[PDB]
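J.: chains from the complex, first installment, not repositioned:
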Amino acid sequence: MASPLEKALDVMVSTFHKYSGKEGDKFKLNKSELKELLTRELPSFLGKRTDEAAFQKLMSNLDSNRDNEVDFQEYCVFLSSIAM
Amino acid sequence: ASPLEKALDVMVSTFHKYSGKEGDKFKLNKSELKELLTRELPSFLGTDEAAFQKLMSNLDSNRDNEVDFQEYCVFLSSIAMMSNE
(Lines give C-alpha, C1' and ligand atoms only; values in the text may rest on other atoms or scores of the structure.)
Protein backbone atom coordinates (compact mmCIF):
# COMPACT_ATOMS: atom_id res chain seq x y z
CA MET A 1 0.00 0.00 0.00
CA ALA A 2 1.14 3.55 -0.72
CA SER A 3 2.84 5.23 2.23
CA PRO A 4 1.77 8.70 3.36
CA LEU A 5 4.96 10.06 1.78
CA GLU A 6 4.19 8.32 -1.56
CA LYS A 7 0.69 9.79 -1.48
CA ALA A 8 2.18 13.21 -0.68
CA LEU A 9 4.31 12.99 -3.84
CA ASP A 10 1.21 12.03 -5.80
CA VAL A 11 -0.49 15.19 -4.50
CA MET A 12 2.54 17.29 -5.47
CA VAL A 13 2.04 16.01 -9.02
CA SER A 14 -1.73 16.18 -9.15
CA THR A 15 -1.90 19.69 -7.72
CA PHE A 16 0.44 20.94 -10.43
CA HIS A 17 -1.74 19.48 -13.19
CA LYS A 18 -4.92 20.75 -11.56
CA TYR A 19 -3.77 24.25 -12.56
CA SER A 20 -1.34 23.72 -15.44
CA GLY A 21 -4.02 22.04 -17.51
CA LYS A 22 -6.41 25.02 -17.50
CA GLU A 23 -4.99 27.05 -20.34
CA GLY A 24 -2.27 27.05 -22.96
CA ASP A 25 0.44 24.47 -22.46
CA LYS A 26 -1.26 21.72 -20.42
CA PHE A 27 2.03 20.85 -18.73
CA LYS A 28 3.15 24.31 -17.61
CA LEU A 29 1.70 27.09 -15.44
CA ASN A 30 1.20 30.52 -16.90
CA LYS A 31 1.07 33.50 -14.60
CA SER A 32 -2.70 33.19 -14.02
CA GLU A 33 -2.50 29.46 -13.30
CA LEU A 34 0.40 29.95 -10.91
CA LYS A 35 -1.45 32.70 -9.04
CA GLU A 36 -4.49 30.41 -8.73
CA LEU A 37 -2.45 27.44 -7.51
CA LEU A 38 -0.79 29.55 -4.81
CA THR A 39 -3.99 31.31 -3.77
CA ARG A 40 -6.07 28.16 -3.55
CA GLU A 41 -3.58 25.54 -2.43
CA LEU A 42 -0.94 27.35 -0.38
CA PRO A 43 -2.88 29.97 1.62
CA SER A 44 -0.76 29.38 4.77
CA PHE A 45 2.38 30.45 2.87
CA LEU A 46 0.89 33.67 1.47
CA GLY A 47 2.01 37.09 2.63
CA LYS A 48 0.07 40.06 3.90
CA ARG A 49 0.12 41.51 0.42
CA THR A 50 -0.78 39.29 -2.50
CA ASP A 51 -0.91 42.13 -5.00
CA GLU A 52 -0.15 41.73 -8.68
CA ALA A 53 3.26 43.38 -8.44
CA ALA A 54 4.44 40.87 -5.82
CA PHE A 55 3.13 38.06 -7.90
CA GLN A 56 4.80 39.17 -11.14
CA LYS A 57 8.08 39.28 -9.30
CA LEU A 58 7.54 35.78 -7.93
CA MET A 59 6.75 34.48 -11.41
CA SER A 60 10.03 35.83 -12.76
CA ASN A 61 11.97 34.30 -9.91
CA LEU A 62 10.46 30.85 -10.48
CA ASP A 63 10.90 30.94 -14.29
CA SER A 64 14.54 29.94 -14.37
CA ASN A 65 14.51 28.88 -18.04
CA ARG A 66 12.88 32.18 -19.09
CA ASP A 67 9.99 30.79 -21.11
CA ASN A 68 7.28 32.75 -19.26
CA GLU A 69 5.93 29.58 -17.65
CA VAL A 70 6.50 27.53 -14.53
CA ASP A 71 7.12 23.88 -15.42
CA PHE A 72 7.05 20.94 -13.05
CA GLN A 73 10.77 21.15 -12.20
CA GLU A 74 10.51 24.86 -11.49
CA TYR A 75 7.48 24.22 -9.31
CA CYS A 76 9.41 21.58 -7.35
CA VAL A 77 12.23 24.08 -6.79
CA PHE A 78 9.59 26.42 -5.39
CA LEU A 79 8.04 23.78 -3.09
CA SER A 80 11.49 22.74 -1.90
CA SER A 81 12.25 26.35 -1.03
CA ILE A 82 9.11 26.96 1.02
CA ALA A 83 8.58 23.55 2.60
CA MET A 84 10.24 24.25 5.94
CA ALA B 1 -5.15 22.63 5.24
CA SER B 2 -5.20 21.98 1.50
CA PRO B 3 -4.05 18.60 0.23
CA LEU B 4 -0.80 20.21 -0.93
CA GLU B 5 -0.19 21.81 2.46
CA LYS B 6 -0.84 18.46 4.13
CA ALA B 7 1.58 16.85 1.65
CA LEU B 8 4.38 19.28 2.45
CA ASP B 9 3.76 18.64 6.17
CA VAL B 10 4.17 14.89 5.61
CA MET B 11 7.38 15.56 3.70
CA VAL B 12 8.71 17.57 6.65
CA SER B 13 7.57 15.23 9.43
CA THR B 14 8.84 12.13 7.65
CA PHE B 15 12.30 13.64 7.28
CA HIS B 16 12.54 14.55 10.93
CA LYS B 17 11.29 11.13 12.04
CA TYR B 18 14.41 9.55 10.54
CA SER B 19 17.00 12.34 10.74
CA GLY B 20 16.58 12.65 14.50
CA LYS B 21 17.72 9.13 15.42
CA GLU B 22 21.53 9.44 15.21
CA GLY B 23 24.18 12.14 15.01
CA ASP B 24 23.10 15.46 13.59
CA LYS B 25 19.39 15.48 14.39
CA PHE B 26 18.69 17.50 11.24
CA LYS B 27 20.52 15.29 8.71
CA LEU B 28 20.17 11.70 7.46
CA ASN B 29 23.15 9.35 7.61
CA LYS B 30 23.28 6.21 5.48
CA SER B 31 21.43 4.20 8.16
CA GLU B 32 18.68 6.77 8.56
CA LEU B 33 18.34 7.24 4.78
CA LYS B 34 18.08 3.48 4.35
CA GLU B 35 15.30 3.22 6.91
CA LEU B 36 13.36 6.11 5.40
CA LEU B 37 13.49 4.72 1.88
CA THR B 38 12.72 1.17 2.95
CA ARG B 39 9.72 2.11 5.11
CA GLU B 40 8.38 5.20 3.32
CA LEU B 41 9.29 4.84 -0.36
CA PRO B 42 8.98 1.10 -0.98
CA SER B 43 7.39 1.44 -4.43
CA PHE B 44 10.61 3.13 -5.58
CA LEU B 45 13.09 0.57 -4.21
CA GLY B 46 14.63 -1.91 -6.63
CA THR B 47 18.27 -3.67 -2.06
CA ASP B 48 22.00 -3.64 -1.31
CA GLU B 49 24.40 -1.47 0.68
CA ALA B 50 26.19 -0.31 -2.42
CA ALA B 51 22.92 1.04 -3.86
CA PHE B 52 22.11 3.08 -0.77
CA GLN B 53 25.70 4.34 -0.68
CA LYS B 54 25.49 5.48 -4.30
CA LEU B 55 22.18 7.19 -3.67
CA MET B 56 23.60 9.00 -0.67
CA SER B 57 26.56 10.18 -2.71
CA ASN B 58 24.35 11.39 -5.53
CA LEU B 59 22.11 13.35 -3.17
CA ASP B 60 24.93 14.90 -1.15
CA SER B 61 25.40 18.10 -3.15
CA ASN B 62 27.04 19.98 -0.25
CA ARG B 63 29.59 17.12 0.11
CA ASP B 64 29.20 16.70 3.89
CA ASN B 65 28.41 12.96 3.66
CA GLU B 66 24.88 13.40 5.02
CA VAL B 67 21.50 14.25 3.47
CA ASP B 68 19.94 17.44 4.84
CA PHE B 69 16.34 18.55 4.44
CA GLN B 70 17.03 20.50 1.24
CA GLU B 71 18.87 17.61 -0.36
CA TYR B 72 15.99 15.32 0.64
CA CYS B 73 13.45 17.67 -0.91
CA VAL B 74 15.51 17.70 -4.12
CA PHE B 75 15.48 13.90 -4.03
CA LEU B 76 11.70 13.81 -3.56
CA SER B 77 11.37 16.28 -6.40
CA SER B 78 13.36 13.96 -8.64
CA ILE B 79 11.08 11.02 -7.72
CA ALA B 80 7.97 13.08 -8.36
CA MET B 81 9.51 14.30 -11.65
CA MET B 82 10.08 10.68 -12.65
CA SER B 83 6.48 9.83 -11.70
CA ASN B 84 5.22 12.83 -13.67
CA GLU B 85 6.98 11.52 -16.76
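T.: Structure received. Numbering: from 1, shown residues only, chains lettered A, B, ... in the order given.
J.: could you tell me which residues of chain A lie near chain B?
T.: Chain A has residues A:2-13, A:15-16, A:40-45, A:72-73, A:76-77, A:79-80, A:82-84 near chain B, with proximity defined as C-beta under 8 Å from any C-beta of the partner chain. In short, each C-beta sits where N, CA and C put it, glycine included.
J.: restricted to helices, list these.
T.: Using DSSP state H, the subset of the residues of chain A next to chain B located in helices is A:4-13, A:15-16, A:40-41, A:72-73, A:76-77, A:79-80, A:82.
J.: just give me the neighbour total for residue A:35.
T.: The number of residues packed near residue A:35 is 18, by other C-beta atoms under 10 Å in any protein chain shown.
J.: does it really touch residue A:55, like I thought?
T.: Yes - if you go by C-beta atoms under 8 Å, residue A:35 and residue A:55 touch, sitting 5.5 Å apart.
J.: spit out the contact partners of the residue nearest to residue A:11 when sequence neighbours are not counted.
T.: Nearest residue to residue A:11, sequence neighbours excluded (C-beta to C-beta, 6 or more residues apart in numbering or on different chains): residue B:7, at 4.2 Å. For residue B:7, the contact set (C-beta atoms under 8 Å, 6 or more residues apart in numbering or on different chains) comprises A:7-9, A:11-12, A:15.
J.: if we use 6 Å, what do you get?
T.: By C-beta atoms under 6 Å, 6 or more residues apart in numbering or on different chains, the contact set of residue B:7 is A:8, A:11-12.
J.: following sequence is chain C, add it:
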Amino acid sequence: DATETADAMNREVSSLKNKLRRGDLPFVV
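T.: Alright, chain C goes in next:
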Protein backbone atom coordinates in the same frame (compact mmCIF):
# COMPACT_ATOMS: atom_id res chain seq x y z
CA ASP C 1 19.17 12.13 -9.08
CA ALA C 2 22.06 12.31 -11.53
CA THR C 3 24.72 14.18 -9.63
CA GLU C 4 24.85 16.97 -12.18
CA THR C 5 21.12 17.49 -11.86
CA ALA C 6 20.96 17.17 -8.00
CA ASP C 7 23.77 19.69 -7.73
CA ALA C 8 22.08 22.13 -10.12
CA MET C 9 18.71 21.73 -8.35
CA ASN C 10 20.33 22.36 -4.98
CA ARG C 11 21.91 25.56 -6.30
CA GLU C 12 18.54 26.65 -7.67
CA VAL C 13 16.76 25.93 -4.37
CA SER C 14 19.47 27.68 -2.33
CA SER C 15 19.21 30.68 -4.60
CA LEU C 16 15.44 30.91 -4.29
CA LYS C 17 15.56 30.45 -0.49
CA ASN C 18 18.11 33.19 -0.12
CA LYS C 19 15.84 35.54 -2.05
CA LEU C 20 12.92 34.60 0.12
CA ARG C 21 14.30 35.49 3.60
CA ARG C 22 17.81 36.99 3.19
CA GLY C 23 15.59 38.09 1.60
CA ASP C 24 14.01 40.46 -0.75
CA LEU C 25 10.76 39.44 -2.06
CA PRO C 26 7.51 38.70 -0.24
CA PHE C 27 4.39 37.33 -2.03
CA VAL C 28 5.40 34.30 0.08
CA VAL C 29 5.80 34.03 3.87
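J.: the contacts of residue B:7 again, this time with chain C added?
T.: By C-beta under 6 Å, 6+ apart, the residues touching residue B:7 are A:8, A:11-12.
J.: same question, residue C:17
T.: By C-beta under 6 Å, 6+ apart, residue C:17 lies in contact with residue A:81.
J.: which parts of the helix or strand containing it are buried?
T.: In this structure, residue C:17 is located in helix C:3-21 according to DSSP states H and E. Buried positions in helix C:3-21, judged by neighbour count with 16 or more other C-beta atoms under 10 Å in any protein chain shown: C:6-7, C:9-10, C:12-13, C:16-17, C:19-20.
J.: tell me the one of the residues you listed nearest residue C:26?
T.: Closest approach to residue C:26 among these (C-beta to C-beta): residue C:20, at 8.2 Å.
J.: show me what contacts the closest one?
T.: Going by C-beta under 6 Å, 6+ apart, residue C:20 touches no other residue.
J.: tell me how far it lies from residue A:69.
T.: The gap separating residue C:20 from residue A:69 is 21 Å, by C-beta to C-beta, to the nearest Å.
J.: and what of residue A:41?
T.: Residue A:41 is 18 Å from residue A:69, by C-beta to C-beta.
J.: in chain C, which residue sits nearest chain B?
T.: Chain B sits closest to residue C:10 of chain C, with a gap of 3.9 Å, by C-beta to the nearest C-beta.
J.: closest one of the contacts of residue B:7 to chain C?
T.: Checking the contacts of residue B:7 against chain C by C-beta to the nearest C-beta gives residue A:12 as the nearest, at 14.6 Å.
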